[PDB]
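Let me begin by presenting the structure, written as structure tokens, before commenting on it.
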Amino acid sequence: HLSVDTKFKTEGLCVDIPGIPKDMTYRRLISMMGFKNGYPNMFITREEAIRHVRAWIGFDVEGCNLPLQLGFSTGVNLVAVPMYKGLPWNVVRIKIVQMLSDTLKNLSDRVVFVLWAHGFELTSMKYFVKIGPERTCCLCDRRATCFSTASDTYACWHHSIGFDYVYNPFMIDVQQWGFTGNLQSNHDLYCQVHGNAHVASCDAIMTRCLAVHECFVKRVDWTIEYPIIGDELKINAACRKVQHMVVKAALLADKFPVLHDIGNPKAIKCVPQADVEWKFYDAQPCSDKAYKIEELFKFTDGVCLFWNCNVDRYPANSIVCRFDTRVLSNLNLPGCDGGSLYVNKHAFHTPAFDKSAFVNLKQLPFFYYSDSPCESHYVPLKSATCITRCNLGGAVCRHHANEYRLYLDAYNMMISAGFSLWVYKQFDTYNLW
Ligand SMILES: C=Cc1csc(CNC(=O)c2cc[nH]n2)n1
Ligand SMILES: [Zn+2]
Ligand SMILES: [Zn+2]
Ligand SMILES: [Zn+2]
């Protein structure tokens, strides 16, 4: 945890707060913010913030004493008076709780406000924030993130309906990391997808994007592990199953003499009984721009497997699994320059999906293939895509009907999680019969 006696640089704040001391600790800062047990500091370290990336909410307040525009990286702008029209703080804070609860309940057990701090945002916290000792929800065992003055009760993000204060938020000022120049000039160095439209929400979006760029694009820590909040395990199991299925059938159908497996340096053979000559080539997850095939690269013999090795243009003799950054899920967070921050056990920033990368390939059709014995150890199954000896013979046996439906469920899970599959144009399932 971050010592409250650590120094906070105040130069960023001196425009909204003329005369602010240069010599400043977090202790004195919190006191100036109007605030006074498991919550040692409202501010956290970059390391703590990285561990709670899912909780990150970029936050900016803009002035014109007169009204204030509060912007958040969700896209919401609220106007408080002492896009939405001006309203007093006692109704504004109700909206802040509802918005953070709906955004974060399926993501994290807290909120981390990510700031490019110039003053108003920090002096505005006293109007919708309360702090105190760590607590638990009144209705469950999750830690409390909201408080209600109507009933003097605490709630987590799931049980906060009607609550009016944010309780024990965390926060981090990006301007402490040692930057030169304003927010827009540092953000626009790495990103063109987020504009500067002179609304507070635009600043909040840029601030979070810059943070993510610094902590996951330029710097990368794959040792950090993140809790399970979803179907992580079923998704990862489904990916290994689809990988085995698709490569096995591609070898059986086209009988490539060699396979170039390009990507993770710890990859293992996904079809260990295949006759082919299996050759590995090491590349780590690219976090910034897609690899250039010319730098990566007889790759024109046999087939190339690119299983989450994002390249700019796949060769024509490839099998490919590429993550689609546009997908909406609790695992996939907005990232930098169209990229997305996929957090499933580990945090993988991923360059933006680009359909031109697949120009030499086609989409891979669903199919189930099996050469296993028809032995069991219900509604009868009818499908043209169940490629088994039994379907060839007229009637799908029960074992293969069960496995087909399991494989379809895993296939559909992996697609819905954002993954997309692409194959060489000559792939043809008829060749497997
Ligand atoms: C209603 C009060 C109010 C205050 S400021 C504002 C509009 N926001 C900006 O001009 C701005 C500058 C940087 N980001 N946003 N509205
Ligand atoms: Zn609860
Ligand atoms: Zn950006
Ligand atoms: Zn069968």
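One-based numbering along the sequence shown. Both counts, for ligands and for their atoms, begin at 1 and track the order of listing.
Between the side chain of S160 and the main chain of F163, no donor-acceptor pair closer than 3.5 Å is present. Checked by atom type and distance alone, the side chain of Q98 never pairs as donor or acceptor with a backbone atom of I94 at under 3.5 Å.
Near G63, the atoms of ligand 1 lying under 4.0 angstrom from a non-hydrogen atom of the residue are 4 (C), 5 (S). Short contacts between ligand 1 and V79, defined as distances under 4.0 Å to a heavy atom of the residue, involve ligand atoms 1 (C).
A centroid separation of 6.0 Å or more is found between the aromatic rings of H399 and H377. Remark: aromatic rings of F306 and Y291 are distant, center separation not under 6.0 Å.
In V199, the part holding a heavy atom less than 4.0 Å from any atom of ligand 1 is the backbone.
Contact annotation: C156 places an N, O or S atom under 2.8 Å from the Zn ion (ligand 2). Distance check for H187 against the Zn ion (ligand 3): an N/O/S atom falls below 2.8 Å. With 2.8 Å as the limit, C336 does not count as an N, O or S neighbour of the Zn ion (ligand 3).
Assignment of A200 to the shell around ligand 1 is supported, since a heavy atom sits closer than 4.0 Å.
Under a cutoff of 6.0 Å and an axis angle of 45°, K130 and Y165 form a cation-pi pair. Annotation: cation-pi geometry satisfied between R46 and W177 (NZ/CZ under 6.0 angstrom from ring centroid, within 45° of ring axis).
Counting heavy-atom neighbours within 6.0 Å of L139 CG, excluding the residue itself, gives a total above 12.
Rounded to 10°, the angle formed at the Zn ion (ligand 2) by SG of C140 and SG of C137 is 120°.
Between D203 and ligand 1, at least one pair of N/O atoms sits closer than 3.5 Å.
When distances from the Zn ion (ligand 2) to the N, O or S atoms of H159 are compared, ND1 comes out shortest. Minimum-distance N/O/S atom of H194 relative to the Zn ion (ligand 3): ND1.
No donor-acceptor contact under 3.5 angstrom links the side chains of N332 and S329, judged on distance only.
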